[PDB]
file upload_30.pdb (PDB, C-alpha atoms)
ATOM      1  CA  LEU G 267     211.060 140.389  48.633  1.00  0.00           C
ATOM      2  CA  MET G 268     210.126 142.236  51.857  1.00  0.00           C
ATOM      3  CA  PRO G 269     213.078 142.965  54.236  1.00  0.00           C
ATOM      4  CA  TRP G 270     211.565 141.200  57.241  1.00  0.00           C
ATOM      5  CA  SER G 271     214.778 140.537  59.182  1.00  0.00           C
ATOM      6  CA  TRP G 272     215.984 144.147  59.198  1.00  0.00           C
ATOM      7  CA  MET G 273     212.554 145.382  60.257  1.00  0.00           C
ATOM      8  CA  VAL G 274     212.344 142.853  63.100  1.00  0.00           C
ATOM      9  CA  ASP G 275     215.819 143.656  64.391  1.00  0.00           C
ATOM     10  CA  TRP G 276     215.466 147.433  64.305  1.00  0.00           C
ATOM     11  CA  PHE G 277     211.900 147.514  65.634  1.00  0.00           C
ATOM     12  CA  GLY G 278     212.956 145.327  68.553  1.00  0.00           C
ATOM     13  CA  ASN G 279     215.991 147.499  69.251  1.00  0.00           C
ATOM     14  CA  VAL G 280     214.008 150.741  69.163  1.00  0.00           C
ATOM     15  CA  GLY G 281     211.203 149.277  71.302  1.00  0.00           C
ATOM     16  CA  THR G 282     213.567 148.012  73.979  1.00  0.00           C
ATOM     17  CA  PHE G 283     215.385 151.368  73.957  1.00  0.00           C
ATOM     18  CA  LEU G 284     212.208 153.456  74.248  1.00  0.00           C
ATOM     19  CA  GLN G 285     210.917 151.290  77.089  1.00  0.00           C
ATOM     20  CA  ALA G 286     214.322 151.339  78.800  1.00  0.00           C
ATOM     21  CA  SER G 287     214.251 155.142  78.949  1.00  0.00           C
ATOM     22  CA  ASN G 288     211.183 157.411  79.108  1.00  0.00           C
ATOM     23  CA  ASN G 289     211.268 159.312  75.801  1.00  0.00           C
ATOM     24  CA  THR G 290     214.446 161.022  77.050  1.00  0.00           C
ATOM     25  CA  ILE G 291     218.241 161.063  76.726  1.00  0.00           C
ATOM     26  CA  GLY G 292     220.388 161.613  79.792  1.00  0.00           C
ATOM     27  CA  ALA G 293     223.067 164.284  80.002  1.00  0.00           C
ATOM     28  CA  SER G 294     225.868 165.465  82.284  1.00  0.00           C
ATOM     29  CA  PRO G 295     227.526 168.883  82.663  1.00  0.00           C
ATOM     30  CA  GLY G 296     231.075 169.712  81.703  1.00  0.00           C
ATOM     31  CA  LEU G 297     233.179 172.280  83.481  1.00  0.00           C
ATOM     32  CA  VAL G 298     231.779 175.748  84.219  1.00  0.00           C
ATOM     33  CA  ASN G 299     233.759 178.818  83.160  1.00  0.00           C
ATOM     34  CA  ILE G 300     233.388 182.487  84.066  1.00  0.00           C
ATOM     35  CA  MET G 301     234.795 185.470  82.162  1.00  0.00           C
ATOM     36  CA  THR G 302     235.000 188.915  83.782  1.00  0.00           C
ATOM     37  CA  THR G 303     236.277 191.821  81.681  1.00  0.00           C
ATOM     38  CA  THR G 304     237.074 195.082  83.475  1.00  0.00           C
ATOM     39  CA  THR G 305     237.934 198.474  81.988  1.00  0.00           C
ATOM     40  CA  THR G 306     238.442 202.044  83.167  1.00  0.00           C
ATOM     41  CA  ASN G 307     239.088 205.455  81.608  1.00  0.00           C
ATOM     42  CA  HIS G 308     241.279 208.177  83.144  1.00  0.00           C
ATOM     43  CA  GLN G 309     240.696 211.580  81.529  1.00  0.00           C
ATOM     44  CA  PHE G 310     242.324 214.874  82.514  1.00  0.00           C
ATOM     45  CA  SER G 311     241.747 218.576  81.890  1.00  0.00           C
ATOM     46  CA  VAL G 312     244.531 221.125  82.300  1.00  0.00           C
ATOM     47  CA  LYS G 313     244.119 223.666  85.111  1.00  0.00           C
ATOM     48  CA  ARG G 314     245.678 226.919  83.905  1.00  0.00           C
ATOM     49  CA  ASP G 315     245.645 228.761  87.262  1.00  0.00           C
ATOM     50  CA  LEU G 316     248.881 227.134  88.526  1.00  0.00           C
ATOM     51  CA  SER G 317     251.043 227.230  85.397  1.00  0.00           C
ATOM     52  CA  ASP G 318     253.471 229.589  83.717  1.00  0.00           C
ATOM     53  CA  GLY G 319     251.720 231.880  81.268  1.00  0.00           C
TER      54      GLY G 319
ATOM     55  CA  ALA M   1     248.016 117.046  49.255  1.00  0.00           C
ATOM     56  CA  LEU M   2     247.912 119.010  52.566  1.00  0.00           C
ATOM     57  CA  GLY M   3     246.438 115.942  54.296  1.00  0.00           C
ATOM     58  CA  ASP M   4     242.815 115.025  54.899  1.00  0.00           C
ATOM     59  CA  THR M   5     242.140 116.879  58.174  1.00  0.00           C
ATOM     60  CA  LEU M   6     243.014 120.543  58.750  1.00  0.00           C
ATOM     61  CA  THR M   7     243.416 121.692  62.359  1.00  0.00           C
ATOM     62  CA  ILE M   8     242.851 125.294  63.467  1.00  0.00           C
ATOM     63  CA  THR M   9     243.965 126.101  67.023  1.00  0.00           C
ATOM     64  CA  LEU M  10     241.571 128.937  67.760  1.00  0.00           C
ATOM     65  CA  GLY M  11     243.232 131.447  70.056  1.00  0.00           C
ATOM     66  CA  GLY M  12     246.753 131.114  68.709  1.00  0.00           C
ATOM     67  CA  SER M  13     249.297 128.786  70.245  1.00  0.00           C
ATOM     68  CA  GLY M  14     247.894 126.675  73.066  1.00  0.00           C
ATOM     69  CA  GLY M  15     244.241 127.390  72.243  1.00  0.00           C
ATOM     70  CA  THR M  16     241.222 125.221  71.534  1.00  0.00           C
ATOM     71  CA  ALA M  17     241.776 122.814  68.642  1.00  0.00           C
ATOM     72  CA  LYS M  18     239.186 121.971  65.972  1.00  0.00           C
ATOM     73  CA  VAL M  19     239.528 119.345  63.230  1.00  0.00           C
ATOM     74  CA  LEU M  20     238.070 120.320  59.862  1.00  0.00           C
ATOM     75  CA  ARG M  21     237.560 117.441  57.412  1.00  0.00           C
ATOM     76  CA  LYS M  22     237.873 117.319  53.626  1.00  0.00           C
ATOM     77  CA  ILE M  23     234.547 117.216  51.793  1.00  0.00           C
ATOM     78  CA  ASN M  24     235.083 118.289  48.145  1.00  0.00           C
ATOM     79  CA  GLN M  25     237.722 119.308  45.603  1.00  0.00           C
ATOM     80  CA  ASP M  26     237.024 121.188  42.360  1.00  0.00           C
ATOM     81  CA  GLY M  27     238.733 123.669  40.077  1.00  0.00           C
ATOM     82  CA  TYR M  28     242.105 123.637  41.842  1.00  0.00           C
ATOM     83  CA  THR M  29     240.108 124.351  45.014  1.00  0.00           C
ATOM     84  CA  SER M  30     239.513 122.369  48.205  1.00  0.00           C
ATOM     85  CA  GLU M  31     237.062 123.056  51.038  1.00  0.00           C
ATOM     86  CA  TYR M  32     236.924 121.450  54.494  1.00  0.00           C
ATOM     87  CA  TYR M  33     233.904 121.495  56.828  1.00  0.00           C
ATOM     88  CA  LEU M  34     232.819 120.819  60.427  1.00  0.00           C
ATOM     89  CA  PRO M  35     229.201 120.965  61.687  1.00  0.00           C
ATOM     90  CA  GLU M  36     228.399 122.465  65.080  1.00  0.00           C
ATOM     91  CA  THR M  37     225.263 122.657  67.194  1.00  0.00           C
ATOM     92  CA  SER M  38     225.021 126.467  67.103  1.00  0.00           C
ATOM     93  CA  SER M  39     227.698 127.483  64.571  1.00  0.00           C
ATOM     94  CA  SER M  40     229.623 126.093  61.607  1.00  0.00           C
ATOM     95  CA  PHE M  41     233.248 126.044  60.491  1.00  0.00           C
ATOM     96  CA  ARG M  42     234.728 125.983  56.992  1.00  0.00           C
ATOM     97  CA  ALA M  43     238.080 126.449  55.244  1.00  0.00           C
ATOM     98  CA  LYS M  44     238.931 126.894  51.554  1.00  0.00           C
ATOM     99  CA  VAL M  45     242.106 126.860  49.447  1.00  0.00           C
ATOM    100  CA  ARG M  46     242.256 128.323  45.931  1.00  0.00           C
ATOM    101  CA  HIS M  47     244.811 128.686  43.112  1.00  0.00           C
ATOM    102  CA  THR M  48     244.518 130.836  39.978  1.00  0.00           C
ATOM    103  CA  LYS M  49     246.457 131.959  36.888  1.00  0.00           C
ATOM    104  CA  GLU M  50     245.695 135.275  35.210  1.00  0.00           C
ATOM    105  CA  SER M  51     244.991 135.822  31.531  1.00  0.00           C
ATOM    106  CA  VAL M  52     247.845 135.987  29.046  1.00  0.00           C
ATOM    107  CA  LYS M  53     248.516 139.409  27.528  1.00  0.00           C
ATOM    108  CA  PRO M  54     250.912 139.630  24.552  1.00  0.00           C
ATOM    109  CA  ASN M  55     254.045 141.166  26.164  1.00  0.00           C
ATOM    110  CA  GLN M  56     253.727 141.436  29.964  1.00  0.00           C
ATOM    111  CA  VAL M  57     254.733 139.529  33.090  1.00  0.00           C
ATOM    112  CA  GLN M  58     252.598 136.468  33.878  1.00  0.00           C
ATOM    113  CA  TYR M  59     251.341 136.135  37.452  1.00  0.00           C
ATOM    114  CA  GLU M  60     249.640 133.580  39.697  1.00  0.00           C
ATOM    115  CA  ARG M  61     247.619 133.851  42.904  1.00  0.00           C
ATOM    116  CA  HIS M  62     247.161 131.638  45.982  1.00  0.00           C
ATOM    117  CA  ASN M  63     244.343 132.208  48.490  1.00  0.00           C
ATOM    118  CA  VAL M  64     243.516 130.693  51.893  1.00  0.00           C
ATOM    119  CA  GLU M  65     240.514 131.697  54.011  1.00  0.00           C
ATOM    120  CA  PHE M  66     238.841 130.825  57.306  1.00  0.00           C
ATOM    121  CA  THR M  67     235.157 131.740  57.660  1.00  0.00           C
ATOM    122  CA  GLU M  68     232.867 131.315  60.669  1.00  0.00           C
ATOM    123  CA  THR M  69     229.062 131.189  60.641  1.00  0.00           C
ATOM    124  CA  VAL M  70     226.616 131.635  63.538  1.00  0.00           C
ATOM    125  CA  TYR M  71     222.982 130.599  63.164  1.00  0.00           C
ATOM    126  CA  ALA M  72     220.304 133.221  63.746  1.00  0.00           C
ATOM    127  CA  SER M  73     218.708 133.063  67.203  1.00  0.00           C
ATOM    128  CA  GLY M  74     215.815 135.164  68.449  1.00  0.00           C
ATOM    129  CA  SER M  75     215.882 138.617  66.875  1.00  0.00           C
ATOM    130  CA  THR M  76     219.507 138.517  65.738  1.00  0.00           C
ATOM    131  CA  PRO M  77     219.804 137.415  62.059  1.00  0.00           C
ATOM    132  CA  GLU M  78     222.535 135.338  60.444  1.00  0.00           C
ATOM    133  CA  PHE M  79     226.112 136.592  60.457  1.00  0.00           C
ATOM    134  CA  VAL M  80     229.653 135.357  59.823  1.00  0.00           C
ATOM    135  CA  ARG M  81     233.335 135.958  60.509  1.00  0.00           C
ATOM    136  CA  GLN M  82     236.147 135.705  57.954  1.00  0.00           C
ATOM    137  CA  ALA M  83     239.916 136.080  57.678  1.00  0.00           C
ATOM    138  CA  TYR M  84     241.972 135.226  54.592  1.00  0.00           C
ATOM    139  CA  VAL M  85     245.398 135.871  53.078  1.00  0.00           C
ATOM    140  CA  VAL M  86     246.692 136.022  49.489  1.00  0.00           C
ATOM    141  CA  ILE M  87     250.055 135.602  47.743  1.00  0.00           C
ATOM    142  CA  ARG M  88     250.909 137.038  44.296  1.00  0.00           C
ATOM    143  CA  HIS M  89     254.173 136.311  42.473  1.00  0.00           C
ATOM    144  CA  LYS M  90     255.775 135.697  39.088  1.00  0.00           C
ATOM    145  CA  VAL M  91     255.351 132.292  37.469  1.00  0.00           C
ATOM    146  CA  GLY M  92     259.058 131.520  37.161  1.00  0.00           C
ATOM    147  CA  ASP M  93     260.109 133.328  40.340  1.00  0.00           C
ATOM    148  CA  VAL M  94     262.246 131.770  43.072  1.00  0.00           C
ATOM    149  CA  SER M  95     260.272 130.021  45.812  1.00  0.00           C
ATOM    150  CA  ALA M  96     262.509 130.888  48.763  1.00  0.00           C
ATOM    151  CA  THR M  97     262.189 134.678  48.488  1.00  0.00           C
ATOM    152  CA  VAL M  98     258.389 134.745  48.237  1.00  0.00           C
ATOM    153  CA  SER M  99     258.271 132.258  51.099  1.00  0.00           C
ATOM    154  CA  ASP M 100     260.402 134.630  53.174  1.00  0.00           C
ATOM    155  CA  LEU M 101     258.052 137.513  52.357  1.00  0.00           C
ATOM    156  CA  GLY M 102     255.080 135.424  53.465  1.00  0.00           C
ATOM    157  CA  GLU M 103     256.848 134.396  56.669  1.00  0.00           C
ATOM    158  CA  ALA M 104     257.608 138.048  57.392  1.00  0.00           C
ATOM    159  CA  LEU M 105     253.939 138.935  56.951  1.00  0.00           C
ATOM    160  CA  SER M 106     252.978 136.045  59.230  1.00  0.00           C
ATOM    161  CA  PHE M 107     255.510 137.034  61.903  1.00  0.00           C
ATOM    162  CA  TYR M 108     254.412 140.675  61.952  1.00  0.00           C
ATOM    163  CA  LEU M 109     250.883 139.584  62.856  1.00  0.00           C
ATOM    164  CA  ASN M 110     250.399 138.927  66.578  1.00  0.00           C
ATOM    165  CA  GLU M 111     247.816 139.453  69.311  1.00  0.00           C
ATOM    166  CA  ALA M 112     248.743 143.047  70.126  1.00  0.00           C
ATOM    167  CA  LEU M 113     248.664 144.028  66.454  1.00  0.00           C
ATOM    168  CA  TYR M 114     245.138 142.716  65.889  1.00  0.00           C
ATOM    169  CA  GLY M 115     244.154 144.413  69.137  1.00  0.00           C
ATOM    170  CA  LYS M 116     245.364 147.778  67.868  1.00  0.00           C
ATOM    171  CA  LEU M 117     244.085 147.257  64.317  1.00  0.00           C
ATOM    172  CA  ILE M 118     240.511 146.365  65.261  1.00  0.00           C
ATOM    173  CA  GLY M 119     240.359 149.574  67.293  1.00  0.00           C
ATOM    174  CA  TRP M 120     240.334 151.527  64.010  1.00  0.00           C
ATOM    175  CA  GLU M 121     243.872 152.728  64.701  1.00  0.00           C
ATOM    176  CA  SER M 122     245.677 153.377  61.414  1.00  0.00           C
TER     177      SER M 122
END

call {"tool": "encode", "arguments": {"input": "upload_30.pdb", "output": "structure tokens"}}
result
Amino acid sequence: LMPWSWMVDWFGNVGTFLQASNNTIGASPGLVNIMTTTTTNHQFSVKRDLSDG
Amino acid sequence: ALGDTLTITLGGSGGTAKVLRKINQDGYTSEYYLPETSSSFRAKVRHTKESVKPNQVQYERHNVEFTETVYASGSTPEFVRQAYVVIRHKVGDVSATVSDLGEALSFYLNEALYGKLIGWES
């Protein structure tokens, strides 16, 4: 009752794949994005020497 | 009836022709066969009538199938291809209308439609 055929097929496939590559999967890069947030604060203090009393 | 030899023109109109031959007939069924060096071809036709239930509509079923077999070579095991249709209708119905429905189903099917359908496009 052993599943010989499945074992043969999958072992052959995995063996040929491993030998095709070298224990690695290739990859490629998608687009590169850059985000640049910028902020500033403008604070004031009243000068009382040039104002009506 | 249907003759002794059944011809399937693989590839639609103008394709390669094969001649199946009648080999057996049992149980309102008939199967035709053709040996090949590396594959095998077969066709079956079947008719059936459902069980009677006290007060309900009585129905009958017709089935036709084509199945293809490819012998295992090297690592690859055995595998097959199949394609079959079915017709269901009332016992006393009118033949022309169900024939028109079947012809409509047949006409809808064409190369481009199988091409889309096999691409898992619903």

call {"tool": "interface_residues", "arguments": {"input": "upload_30.pdb", "of": "chain M", "to": "chain G", "cutoff": "8 Å", "atoms": "only C-alpha atoms", "output": "list in words"}}
result
residues 75, 76 and 77 of chain M

call {"tool": "write_last_selection", "arguments": {"input": "upload_30.pdb", "atoms": "C-alpha atoms", "output": "PDB file, keeping the file's coordinate frame"}}
result
ATOM      1  CA  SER M  75     215.882 138.617  66.875  1.00  0.00           C
ATOM      2  CA  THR M  76     219.507 138.517  65.738  1.00  0.00           C
ATOM      3  CA  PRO M  77     219.804 137.415  62.059  1.00  0.00           C
TER       4      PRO M  77
END

call {"tool": "atom_distance", "arguments": {"input": "upload_30.pdb", "atom1": "CA of residue 40 (chain M)", "atom2": "CA of residue 70 (chain M)"}}
result
6.6 Å

call {"tool": "atom_distance", "arguments": {"input": "upload_30.pdb", "atom1": "CA of residue 23 (chain M)", "atom2": "CA of residue 78 (chain M)"}}
result
23.4 Å

call {"tool": "atom_distance", "arguments": {"input": "upload_30.pdb", "atom1": "CA of residue 37 (chain M)", "atom2": "CA of residue 13 (chain M)"}}
result
25.0 Å

call {"tool": "closest_residue", "arguments": {"input": "upload_30.pdb", "among": "M:57, M:66, M:14, M:20", "to": "residue 92 (chain M)", "atoms": "only C-alpha atoms"}}
result
M:57

call {"tool": "resolve_selection", "arguments": {"input": "upload_30.pdb", "expression": "the PyMOL selection byres ((chain M and resi 88) around 8)", "output": "PyMOL selection string"}}
result
chain M and resi 59-62+86-87+89-90

call {"tool": "resolve_selection", "arguments": {"input": "upload_30.pdb", "expression": "the PyMOL selection byres ((chain M and resi 43-52) around 8)", "output": "list in words"}}
result
residues 20, 28, 29, 30, 31, 32, 33, 41, 42, 53, 54, 58, 59, 60, 61, 62, 63, 64, 65, 66 and 67 of chain M

call {"tool": "resolve_selection", "arguments": {"input": "upload_30.pdb", "expression": "the PyMOL selection byres ((chain M and resi 6) around 6)", "output": "VMD selection string"}}
result
chain M and resid 5 7 19 to 20

call {"tool": "build_atoms", "arguments": {"input": "upload_30.pdb", "residues": "region 273-290 of chain G", "atoms": "N, CA, C and O atoms", "output": "PDB file, keeping the file's coordinate frame"}}
result
ATOM      1  N   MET G 273     213.655 144.747  59.547  1.00  0.00           N
ATOM      2  CA  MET G 273     212.554 145.382  60.257  1.00  0.00           C
ATOM      3  C   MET G 273     212.412 144.805  61.658  1.00  0.00           C
ATOM      4  O   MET G 273     212.272 145.547  62.634  1.00  0.00           O
ATOM      5  N   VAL G 274     212.465 143.476  61.782  1.00  0.00           N
ATOM      6  CA  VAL G 274     212.344 142.853  63.100  1.00  0.00           C
ATOM      7  C   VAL G 274     213.451 143.345  64.018  1.00  0.00           C
ATOM      8  O   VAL G 274     213.200 143.785  65.148  1.00  0.00           O
ATOM      9  N   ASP G 275     214.694 143.292  63.540  1.00  0.00           N
ATOM     10  CA  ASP G 275     215.819 143.656  64.391  1.00  0.00           C
ATOM     11  C   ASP G 275     215.691 145.096  64.870  1.00  0.00           C
ATOM     12  O   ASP G 275     215.794 145.379  66.072  1.00  0.00           O
ATOM     13  N   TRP G 276     215.459 146.023  63.940  1.00  0.00           N
ATOM     14  CA  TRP G 276     215.466 147.433  64.305  1.00  0.00           C
ATOM     15  C   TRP G 276     214.240 147.808  65.129  1.00  0.00           C
ATOM     16  O   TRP G 276     214.339 148.622  66.053  1.00  0.00           O
ATOM     17  N   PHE G 277     213.074 147.236  64.819  1.00  0.00           N
ATOM     18  CA  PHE G 277     211.900 147.514  65.634  1.00  0.00           C
ATOM     19  C   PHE G 277     212.104 147.014  67.056  1.00  0.00           C
ATOM     20  O   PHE G 277     211.776 147.717  68.019  1.00  0.00           O
ATOM     21  N   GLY G 278     212.673 145.816  67.214  1.00  0.00           N
ATOM     22  CA  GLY G 278     212.956 145.327  68.553  1.00  0.00           C
ATOM     23  C   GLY G 278     213.938 146.212  69.294  1.00  0.00           C
ATOM     24  O   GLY G 278     213.740 146.528  70.472  1.00  0.00           O
ATOM     25  N   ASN G 279     215.006 146.634  68.612  1.00  0.00           N
ATOM     26  CA  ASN G 279     215.991 147.499  69.251  1.00  0.00           C
ATOM     27  C   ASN G 279     215.357 148.811  69.695  1.00  0.00           C
ATOM     28  O   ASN G 279     215.564 149.263  70.828  1.00  0.00           O
ATOM     29  N   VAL G 280     214.575 149.442  68.815  1.00  0.00           N
ATOM     30  CA  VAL G 280     214.008 150.741  69.163  1.00  0.00           C
ATOM     31  C   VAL G 280     212.975 150.601  70.278  1.00  0.00           C
ATOM     32  O   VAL G 280     212.903 151.447  71.174  1.00  0.00           O
ATOM     33  N   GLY G 281     212.156 149.549  70.240  1.00  0.00           N
ATOM     34  CA  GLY G 281     211.203 149.277  71.302  1.00  0.00           C
ATOM     35  C   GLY G 281     211.827 149.063  72.671  1.00  0.00           C
ATOM     36  O   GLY G 281     211.364 149.613  73.685  1.00  0.00           O
ATOM     37  N   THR G 282     212.876 148.235  72.714  1.00  0.00           N
ATOM     38  CA  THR G 282     213.567 148.012  73.979  1.00  0.00           C
ATOM     39  C   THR G 282     214.259 149.286  74.455  1.00  0.00           C
ATOM     40  O   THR G 282     214.287 149.556  75.661  1.00  0.00           O
ATOM     41  N   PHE G 283     214.790 150.101  73.535  1.00  0.00           N
ATOM     42  CA  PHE G 283     215.385 151.368  73.957  1.00  0.00           C
ATOM     43  C   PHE G 283     214.341 152.328  74.515  1.00  0.00           C
ATOM     44  O   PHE G 283     214.530 152.894  75.600  1.00  0.00           O
ATOM     45  N   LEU G 284     213.236 152.527  73.793  1.00  0.00           N
ATOM     46  CA  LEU G 284     212.208 153.456  74.248  1.00  0.00           C
ATOM     47  C   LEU G 284     211.693 153.043  75.617  1.00  0.00           C
ATOM     48  O   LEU G 284     211.530 153.883  76.510  1.00  0.00           O
ATOM     49  N   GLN G 285     211.424 151.747  75.802  1.00  0.00           N
ATOM     50  CA  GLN G 285     210.917 151.290  77.089  1.00  0.00           C
ATOM     51  C   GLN G 285     211.980 151.370  78.178  1.00  0.00           C
ATOM     52  O   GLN G 285     211.648 151.565  79.353  1.00  0.00           O
ATOM     53  N   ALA G 286     213.254 151.198  77.818  1.00  0.00           N
ATOM     54  CA  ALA G 286     214.322 151.339  78.800  1.00  0.00           C
ATOM     55  C   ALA G 286     214.321 152.742  79.390  1.00  0.00           C
ATOM     56  O   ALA G 286     214.294 152.916  80.614  1.00  0.00           O
ATOM     57  N   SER G 287     214.335 153.755  78.530  1.00  0.00           N
ATOM     58  CA  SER G 287     214.251 155.142  78.949  1.00  0.00           C
ATOM     59  C   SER G 287     212.781 155.551  79.022  1.00  0.00           C
ATOM     60  O   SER G 287     211.874 154.719  78.921  1.00  0.00           O
ATOM     61  N   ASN G 288     212.529 156.847  79.205  1.00  0.00           N
ATOM     62  CA  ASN G 288     211.183 157.411  79.108  1.00  0.00           C
ATOM     63  C   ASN G 288     211.290 158.599  78.156  1.00  0.00           C
ATOM     64  O   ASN G 288     211.410 159.748  78.587  1.00  0.00           O
ATOM     65  N   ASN G 289     211.243 158.303  76.856  1.00  0.00           N
ATOM     66  CA  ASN G 289     211.268 159.312  75.801  1.00  0.00           C
ATOM     67  C   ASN G 289     212.296 160.403  76.096  1.00  0.00           C
ATOM     68  O   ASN G 289     212.053 161.582  75.817  1.00  0.00           O
ATOM     69  N   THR G 290     213.444 160.036  76.670  1.00  0.00           N
ATOM     70  CA  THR G 290     214.446 161.022  77.050  1.00  0.00           C
ATOM     71  C   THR G 290     215.854 160.457  76.916  1.00  0.00           C
ATOM     72  O   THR G 290     216.072 159.248  77.017  1.00  0.00           O
TER      73      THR G 290
END
